[PDB]
Every structure is written in C-alpha cells, then in structure tokens.
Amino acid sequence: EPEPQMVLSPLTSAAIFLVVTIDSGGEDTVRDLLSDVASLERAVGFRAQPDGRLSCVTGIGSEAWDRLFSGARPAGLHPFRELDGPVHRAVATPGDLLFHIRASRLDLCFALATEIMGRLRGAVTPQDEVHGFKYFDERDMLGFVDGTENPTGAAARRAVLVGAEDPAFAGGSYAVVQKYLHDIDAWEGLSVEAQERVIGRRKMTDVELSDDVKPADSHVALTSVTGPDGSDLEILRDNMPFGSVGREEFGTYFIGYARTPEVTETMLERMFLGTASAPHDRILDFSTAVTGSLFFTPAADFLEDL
C-alpha cells in the first residue's frame, strides 16, 4: 500500500474539529504546514504514549484543491451539495481545510491545534472550532449509544479507503462534516419508547428494534442502504457531542468517512428528502444542521512529499 492517515482511529473521548478557509496568498504557508503535519502529530503525541492516542486527519476541499495542487483531482471531490428538502435543509458552508484532531484527553488535541494554527497565522480564516467530548458510555447528546454499527477491521478498510477505482489517490478518503444543534427540551418531552422509535434502537440496552416494528422514518431505517452489489453500503462515523450550558447549545458534530462521497450523499438525501415510505428522518425534527462541508483526506505519503 501507501500509508493512509489515521482515519481508522481507536476509540477516543476528545476531539477538536477545525475548519478554515485559505486567504489570498495563503497557499505557500499552507503547503509548508501540510508537509509537516505528520511530524507535528508525533512531536506533540509521542511523549504522551501510550494513553495519549493523539491523531490528526487533514482534509482539503474542492476549490482549495485547485489552488494548492496541479495535476489530477480525486475522482469524487466536489463542493458539498445543499439539500433543500420539503421541511428540512442540509446547508453548505465554506471550508478549505479540515483538521480532525482526536485523543484520549482534550489538552493533547489543543496542543496540536495550537501548533497547527501557529504555523497558519496570517494565511487562513477560522470558520468553525468545536471541542467535542464523548459521554462516559459512548452516548451522544440524545442519550443513545452512538457508534455501535460502525464497520471494523477489514470491512472498515474496504468501506473507507480509496482503492483501485482511483489509484493515484489510494489510501485517501472522503469526509463529510455537519454541525447539528439539538432542541433538547423537545427531545426530553418524548417518552423513552417514542425516542426509540425515532432512532430505531433500544435506549438502555442498545439492541436494534426488529424489522417488524422499526418505523420506516427511523434514523437507522433511513441510513441503511444496499448497493447495486446487494451488499450493505457502510460509512465510518465519529460523532461527538459539544455544547455550552450558558448559551443553551447542545450539539452533535457529525463526521462521516467513506471511499466515495456517493455513499454519504445518498444517506443524506434519504434523511433530508425522504423516500417513498418516509417524509424524512425523524431525528431532523430534533436536530438542525448549521454547517456542511466535504473534504478529501489524502494518503499520508501524499502530504509528506511537498
């Protein structure tokens, strides 16, 4: 192979998501940083082994790709597509670079973020900064276990990493991000049985509701899709809660990785636009998307060589 970035990371309990745009003239500064970001990851992380588990995944948007590089583009790379649904909208917001920084402790994330933004001062404009924290039993802001059906091992490699279909960019992946805010008051007004019907799984035990009872507009129903192959289409997610109690913000930061954006984009269409049997994903009646961006996360080797 070539070495991929740390897309398949161990379970980590803290994250920083940084989205920036590249200012006029910024391209050179950015190119230098990209070639050093792996060694900054080691500088910050190595001394905190082995509990640290610090990783940084760097992604580049469609328009930024063309400013930074010439030659081939990854096959799937385009701007995030707005979805204007009957009721709900998936918005598009600007973002040229993504840093998805993960570790077992927030401070490690922050130390690496500090170093990266230190090198980019003057070249970039911050668009989003989120400090995420996992709840102690892998629960999210809605109180459900979040992560359970993610693929693992070889299945994950198959679902997430670009291969032979675009061989110049093998080891890469496509990341979609959306920042969601929740109406927790509304959510907390449902009974548990009602909430389970929205998600499609049991709250306490995390056992999937049987097909005979799981609503067609439940989240798990609409995000299960089968390919042309008859095989299930999979993504790798690492959703993180965030918020502020003083400003009444409670949020889920969605990030989904896939070997092609077509998979992630299909799931999004089903959620926002609905199907024959479902107006839309019921989870969107409690969750509003306020950002939306798409990035390509190259193989590690690609970045080293600049």
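Residue positions are given as counts along the sequence shown, with the first one as 1. Under this definition, the rigid core comprises the largest set of C-alpha atoms superposing within 1.5 Å between the forms.
Two stretches, 226-234 and 125-133, are weighed by how far their CA atoms sit from the shown form in 9 other deposited structures of this protein after rigid core superposition; the farther one is 226-234. Looking at 68-76 and 190-198 together, the entry lists the larger mean B-factor for 68-76, computed on C-alpha atoms.
Looking at 172-180 and 220-228 together, the entry lists the larger mean B-factor for 220-228, computed on C-alpha atoms. For the set 207, 112, 161, 97, the PDB entry assigns the largest Cα B-factor to 161. Comparing C-alpha B-factors across 25, 298, 10, 292 in the deposited entry, the largest value falls on 10. Annotation for residue 149: C-alpha temperature factor in the middle third relative to the rest of the modelled chain, per the entry. Looking at the C-alpha B-factors along this chain, the one for residue 157 belongs to the highest third. Per the deposited record, the Cα B-factor of residue 83 falls in the middle third when ranked against the other modelled residues of its chain.
When the modelled residues of the chain are ordered by their C-alpha B factor, residue 132 lands in the lowest third.
Sort the modelled residues of the chain by CA B factor and residue 214 lands in the highest third.
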